[PDB]
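Below you'll find the structure, written out as structure tokens, and then a few comments.
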There are 2 protein chains.
Amino acid sequence: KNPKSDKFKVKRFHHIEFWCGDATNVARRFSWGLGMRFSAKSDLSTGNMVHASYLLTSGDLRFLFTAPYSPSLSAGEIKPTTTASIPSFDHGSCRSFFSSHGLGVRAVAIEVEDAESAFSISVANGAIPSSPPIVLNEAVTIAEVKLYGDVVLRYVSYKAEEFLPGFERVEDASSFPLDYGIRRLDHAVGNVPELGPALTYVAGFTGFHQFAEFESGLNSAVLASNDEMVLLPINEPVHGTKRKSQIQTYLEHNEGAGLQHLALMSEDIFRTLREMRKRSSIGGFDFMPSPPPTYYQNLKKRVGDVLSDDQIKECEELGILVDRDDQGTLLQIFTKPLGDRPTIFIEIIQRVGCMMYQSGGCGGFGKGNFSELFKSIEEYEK
Amino acid sequence: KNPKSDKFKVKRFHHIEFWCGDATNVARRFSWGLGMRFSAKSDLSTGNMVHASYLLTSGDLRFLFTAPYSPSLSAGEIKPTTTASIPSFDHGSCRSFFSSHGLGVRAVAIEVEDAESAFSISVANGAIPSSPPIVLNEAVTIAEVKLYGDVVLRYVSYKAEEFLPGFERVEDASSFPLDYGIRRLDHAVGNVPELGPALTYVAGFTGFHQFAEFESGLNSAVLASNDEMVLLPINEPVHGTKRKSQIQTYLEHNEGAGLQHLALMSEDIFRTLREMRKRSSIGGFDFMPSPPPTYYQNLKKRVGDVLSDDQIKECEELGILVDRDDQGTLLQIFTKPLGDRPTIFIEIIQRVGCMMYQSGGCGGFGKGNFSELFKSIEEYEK
Ligand SMILES: CCOC(=O)c1nc2ccc(C(=O)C3=C(O)CCCC3=O)c(C)c2c(=O)n1-c1ccccc1
Ligand SMILES: CCOC(=O)c1nc2ccc(C(=O)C3=C(O)CCCC3=O)c(C)c2c(=O)n1-c1ccccc1
Ligand SMILES: [Co+2]
Ligand SMILES: [Co+2]
């Protein structure tokens with residue numbers, strides 16, 4: 001059941017912005033680890049005396065890394081005379097965010113038809129405004145409202161129908177064409193102390209609807225746009241369990257609510273994981289410990305009609321997890337945390353089925369892999 | 001002339017510590033870019049609830065990357081009950097340092113015979129104390145005094161004659177044996193507003209002596225230990241020049257004095273620069289723009305008795321600079337800034353001559369390359 005109740009026209013995920021202390025080192029690490037190309041910049045070399053911002057792209061996926069310069073470089077500026085390319089940026093907010101949370105996502109940005117209308121309708125329906133609509137070079141409009149914690153939902157709309165004005169394309173000599181197969185952001189997941197009030201708030205101002213699902217330490221629910229291509233799952237911890245909830249660990253180490261993981265769709269998850277795993281110990285990303293062979297022995301009875309024995313052994317080599325709902329099949333794997341704190345991590349996913357284009361959320365989000373991993377663990381103990 | 005006036009016994013450079021906002025991403029970037037191995041850690045997995053610290057090694061070179069956790073993780077601790085492995089660490093100091101300066105060196109650490117004696121003698125001779133001597137697991141003693149800006153000179157002494165107590169060796173699966181030929185720290189350079197008072201201060205409390213030298217925007221001088229293996233150059237800006245002093249640009253973007261560059265000795269600078277340059281656009285480090293061919297044409301008359309025509313063409317391919325004093329020859333090159341701000345960078349060097357072992361500072365520090373580059377620039381204009 002999809003009531004298609006969006007209160008304004010939403011297109012697709014546009015970009016994800018990390019707030020950093022040094023944008024250069026995080027961007028360069030991420031570029032090598034994930035196979036993303038340096039495509040645009042806004043920094044001292046482009047006249048930005050306020051913040052350094054570097055954009056990585058892989059297919060339609062856009063990762064932005066931003067850090068503040070010394071305020072003294074821009075102490076003479078006022079908002080009318082700012083050299084910042086992202087006018088919502090604030091030195092104090094950014095330093096407060098990074099000191100509170102460490103490295104993490106500040107903005108989940110979605111493209112809309114009309115960012116000024118989206119902002120107005122959202123705030124009229126309970127959204128807490130974060131940065132009012134601002135028109136950049138008469139071409140792009142950006143506005144921000146609070147999503148959860150210190151994470152904002154960023155609306156971006158373009159008149160034309162090239163990232164943002166004041167960003168410059170990166171010199172091809174500095175722009176190496178890395179590509180490990182990642183193509184787009186599939187979903188973005190938040191952790192909160194209380195799921196109910198978080199859902200009521202976000203569904204309240206967006207009109208997003210609850211996306212149908214099928215001892216883990218969590219309760220979760222997924223908000224979706226009309227065509228279910230913008231997917232925003234939210235988790236709360238379940239307390240009193242034998243094993244401590246990873247949602248509660250997140251909230252403690254993050255100093256509260258924030259973005260838990262980014263799920264990145266790959267057009268070939270086997271190629272992506274081969275390429276990422278080759279770089280784990282040479283500057284890239286690490287992956288969670290693989291499931292036992294019993295898990296992959298049990299893959300025959302569950303998805304033997306979807307993957308061959310060879311495609312299943314390839315899953316075992318790479319530690320890929322597999323889940324399935326009534327519509328389709330999900331291949332997924334999780335990285336270890338991206339930075340110092342046990343907070344944000346990345347998911348790589350590929351979805352099989354639901355062809356009409358592929359419909360959103362085909363195969364679900366892998367909640368079956370909680371019980372399946374418990375089973376395979378005790379089963380492998382033997 | 002070397003009076004050998006050290007006021008306490010100094011051995012060698014021990015390590016360099018960067019203060020970071022996220023130690024993981026900087027360490028992983030540096031490891032790939034410079035070919036350094038992950039060798040030790042102190043973090044949540046080792047019981048450290050205060051700071052995350054990761055050590056990279058290449059030969060005798062030790063780079064330490066440290067970032068603060070949320071203070072809430074350790075809010076119940078007191079200094080007697082601390083879980084920090086580096087007891088001088090302070091959350092507030094570290095956040096204040098990174099917000100003021102961005103990514104940079106907090107500590108230049110030298111090994112001494114007796115860190116408690118070095119601290120006492122230094123402070124008795126004018127050093128500003130930063131952290132008093134503390135004995136770690138009855139095995140290592142660490143003490144810190146102010147060097148310049150917010151950079152400290154760190155004394156480390158060992159009873160035995162394994163980095164620091166509470167650090168753990170890194171699992172060999174997570175420890176990839178990268179090596180591009182870098183072997184040790186040759187010198188560490190500071191930028192200050194006023195060279196005179198900075199030299200008087202540091203020479204005052206160490207007994208280090210001035211190391212003999214042979215429109216650039218700087219005045220400089222080099223302080224050296226008794227065997228001239230600890231080398232601490234210091235720069236001040238020269239104002240009123242046609243081209244703005246890079247020392248003044250450093251001071252402005254850094255919010256004052258601090259460490260300008262680290263010079264890393266390579267056992268084979270050609271291999272090091274081939275390996276680093278292959279990785280510049282895939283997560284590693286960039287190099288300053290190469291000198292014109294006239295510079296390399298003029299390399300015949302200056303060092304033709306030291307390098308063959310083939311060893312000189314190899315310099316031209318890699319953009320290596322060459323200088324020479326009355327004792328030996330210096331091959332060197334400079335990276336672009338390591339992070340967002342035009343502040344800290346790295347020098348790669350190899351020294352030829354002065355065999356007795358090789359004596360310290362053989363060939364000087366390349367101050368001849370200022371005039372030689374001006375000449376080659378206008379000469380290449382032609
Ligand atoms: C035994 C370990 O493996 C697991 O059970 C496991 N299954 C998962 C299945 C799915 C998802 C996921 O994507 C997600 C959503 O997108 C929507 C809302 C619900 C949700 O959770 C995630 C994060 C996990 C996961 O984090 N874990 C895990 C991994 C290591 C440590 C502890 C837990
Ligand atoms: C025309 C550009 O090249 C250059 O003239 C140049 N020569 C250098 C020669 C030597 C040293 C050096 O190591 C150092 C010491 O160790 C001891 C004290 C004095 C000192 O300076 C350095 C940093 C440079 C240097 O930074 N530059 C440069 C590079 C790009 C931009 C502007 C200046
Ligand atoms: Co997910
Ligand atoms: Co130097």
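Residue numbering restarts at 1 in every chain; chains get A, B, ... in the order shown in the structure tokens, and ligands count up from 1 in that same order.
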Using only C-alpha atoms, which chain A residues lie at most 8 Å away from chain B, written as a compact mmCIF listing (two decimals) with N, CA and C atoms, in the first residue's frame?
# COMPACT_ATOMS: atom_id res chain seq x y z
N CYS A 20 33.71 17.64 8.29
CA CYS A 20 35.04 17.08 8.51
C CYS A 20 35.86 18.12 9.26
N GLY A 21 36.99 17.68 9.79
CA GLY A 21 37.92 18.67 10.27
C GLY A 21 38.94 19.04 9.22
N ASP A 22 39.30 18.06 8.39
CA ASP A 22 40.14 18.26 7.21
C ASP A 22 39.47 17.54 6.05
N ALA A 23 38.92 18.30 5.12
CA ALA A 23 38.17 17.68 4.04
C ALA A 23 39.08 16.94 3.09
N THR A 24 40.31 17.43 2.91
CA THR A 24 41.24 16.83 1.95
C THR A 24 41.53 15.37 2.30
N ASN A 25 41.93 15.11 3.56
CA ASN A 25 42.32 13.75 3.90
C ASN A 25 41.15 12.78 3.89
N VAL A 26 39.97 13.20 4.35
CA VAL A 26 38.81 12.31 4.26
C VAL A 26 38.44 12.05 2.80
N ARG A 28 40.28 12.15 0.09
CA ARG A 28 41.26 11.31 -0.61
C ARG A 28 41.16 9.85 -0.17
N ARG A 29 40.98 9.62 1.14
CA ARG A 29 40.76 8.27 1.67
C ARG A 29 39.52 7.64 1.04
N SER A 31 37.96 8.44 -1.70
CA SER A 31 38.07 8.26 -3.15
C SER A 31 38.75 6.94 -3.48
N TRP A 32 39.86 6.64 -2.80
CA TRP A 32 40.59 5.41 -3.06
C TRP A 32 39.82 4.20 -2.54
N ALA A 52 36.34 24.66 2.83
CA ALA A 52 36.90 23.81 1.79
C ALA A 52 35.92 22.67 1.54
N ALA A 67 35.03 21.20 5.27
CA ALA A 67 35.70 21.56 6.52
C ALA A 67 35.83 23.08 6.58
N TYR A 69 37.64 26.71 7.20
CA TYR A 69 38.90 27.42 7.32
C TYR A 69 38.92 28.22 8.63
N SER A 70 40.06 28.83 8.93
CA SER A 70 40.09 29.80 10.02
C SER A 70 39.05 30.89 9.78
N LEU A 73 40.03 34.33 7.98
CA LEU A 73 40.13 34.57 6.55
C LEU A 73 38.93 35.32 6.00
N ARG A 95 32.19 23.31 13.50
CA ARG A 95 33.11 22.87 14.54
C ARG A 95 32.36 22.19 15.68
N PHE A 98 31.46 18.60 14.49
CA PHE A 98 32.58 17.65 14.44
C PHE A 98 33.12 17.36 15.83
N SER A 99 33.12 18.35 16.72
CA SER A 99 33.59 18.06 18.07
C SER A 99 32.59 17.19 18.82
N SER A 100 31.29 17.34 18.53
CA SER A 100 30.28 16.54 19.22
C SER A 100 30.24 15.12 18.67
N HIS A 101 30.24 14.98 17.35
CA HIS A 101 29.94 13.69 16.73
C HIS A 101 31.14 13.03 16.07
N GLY A 102 32.26 13.73 15.91
CA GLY A 102 33.30 13.23 15.03
C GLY A 102 32.81 13.26 13.58
N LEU A 103 33.57 12.59 12.72
CA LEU A 103 33.26 12.57 11.29
C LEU A 103 31.90 11.94 11.02
N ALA A 173 43.91 16.02 -14.84
CA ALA A 173 45.16 15.49 -14.31
C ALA A 173 45.04 15.16 -12.82
N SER A 174 44.31 16.00 -12.07
CA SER A 174 44.01 15.70 -10.68
C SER A 174 42.80 14.80 -10.52
N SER A 175 42.13 14.42 -11.61
CA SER A 175 40.88 13.67 -11.57
C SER A 175 41.09 12.29 -12.22
N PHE A 176 41.50 11.32 -11.40
CA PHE A 176 41.73 9.95 -11.85
C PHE A 176 40.41 9.20 -11.94
N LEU A 178 38.75 6.54 -11.25
CA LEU A 178 38.45 5.35 -10.47
C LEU A 178 36.97 4.97 -10.60
N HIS A 253 28.28 6.83 21.54
CA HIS A 253 29.52 7.31 20.96
C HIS A 253 29.32 8.51 20.05
N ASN A 254 28.12 8.69 19.51
CA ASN A 254 27.82 9.81 18.63
C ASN A 254 27.36 11.04 19.37
N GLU A 255 27.15 10.94 20.68
CA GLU A 255 26.47 11.98 21.45
C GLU A 255 25.08 12.25 20.87
N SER A 281 43.53 -2.86 3.43
CA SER A 281 44.70 -2.65 4.26
C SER A 281 45.70 -1.68 3.64
N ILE A 282 45.35 -1.06 2.52
CA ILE A 282 46.20 -0.05 1.90
C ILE A 282 45.45 1.27 1.70
N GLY A 283 44.69 1.67 2.72
CA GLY A 283 44.09 2.98 2.80
C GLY A 283 42.58 2.98 2.61
N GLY A 284 41.98 1.85 2.25
CA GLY A 284 40.55 1.78 1.98
C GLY A 284 39.72 1.43 3.21
N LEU A 338 33.49 4.04 9.43
CA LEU A 338 34.30 4.81 8.49
C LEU A 338 35.39 5.62 9.16
N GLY A 339 35.22 5.94 10.44
CA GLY A 339 36.19 6.75 11.17
C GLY A 339 36.52 6.20 12.54
N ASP A 340 36.99 7.07 13.44
CA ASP A 340 37.45 6.63 14.76
C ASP A 340 36.33 6.02 15.60
N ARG A 341 35.07 6.58 15.49
CA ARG A 341 34.04 6.17 16.44
C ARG A 341 33.18 5.06 15.86
ask   = Just asking: which residues within stretch 113-307 of chain B are strand (DSSP E or B) according to DSSP, as a PyMOL selection string?
value = chain B and resi 129-136+140-148+151-158+168-169+182-191+209-210+218-224+231-237+258-266+287
key: Counting only C-alpha atoms, the residue of A:248, A:266, A:130, A:191 that sits nearest residue A:217   =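 Checking each of A:248, A:266, A:130, A:191 against residue A:217, counting only C-alpha atoms, the winner is A:248.
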ask   = Please, which residues have at least one atom within 9 Å of an atom of ligand 1, using only C-alpha atoms and all ligand atoms, listed as a PyMOL selection string?
value = chain A and resi 187-190+216-222+232-235+245-246+260-263+288-291+321+323+332-336+345-347+364-374+377
query = Which residues in stretch 267-297 of chain A does DSSP call alpha helix (DSSP H)? List them as a list in words.
reply =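 Filtering stretch 267-297 of chain A down to alpha helix (DSSP H) leaves residues 269, 270, 271, 272, 273, 274, 275, 276, 277, 278, 293, 294, 295, 296 and 297 of chain A.
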ask   = From the set B:301, B:231, B:295, B:142, which residue has the shortest atom-to-atom contact distance to ligand 4, counting only C-alpha atoms and all ligand atoms?
value = B:231
Selection: 6 Å around residue B:157, only C-alpha atoms, excl. self and same-chain fewer than 6 positions, as a VMD selection string = chain B and resid 111 to 115 140 to 141
Nearest candidate to ligand 4 (options B:353, B:229, B:186, B:326; using only C-alpha atoms and all ligand atoms) =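 Of all the options, B:186 lies closest to ligand 4.
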request  = Using only C-alpha atoms, find the one residue out of B:147, B:128, B:198, B:349 that sits nearest to residue B:105.
outcome  =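 Of B:147, B:128, B:198, B:349, the one nearest residue B:105, counting only C-alpha atoms, is B:147.
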task = Between atom CA of residue A:251 and atom CA of residue A:202, measure the distance and give it in Å to one decimal.
result =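 These atoms are spaced 19.2 Å apart.
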message = Report, in Å to a single decimal, how far apart atom CA of residue A:210 and atom CA of residue A:259 are.
response =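 Taking atom CA of residue A:259 and atom CA of residue A:210, their separation equals 18.7 Å.
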key: Counting only C-alpha atoms and all ligand atoms, the residue of A:305, A:267, A:313, A:330 that sits nearest ligand 3   =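 Comparing A:305, A:267, A:313, A:330 against ligand 3, the winner is A:330.
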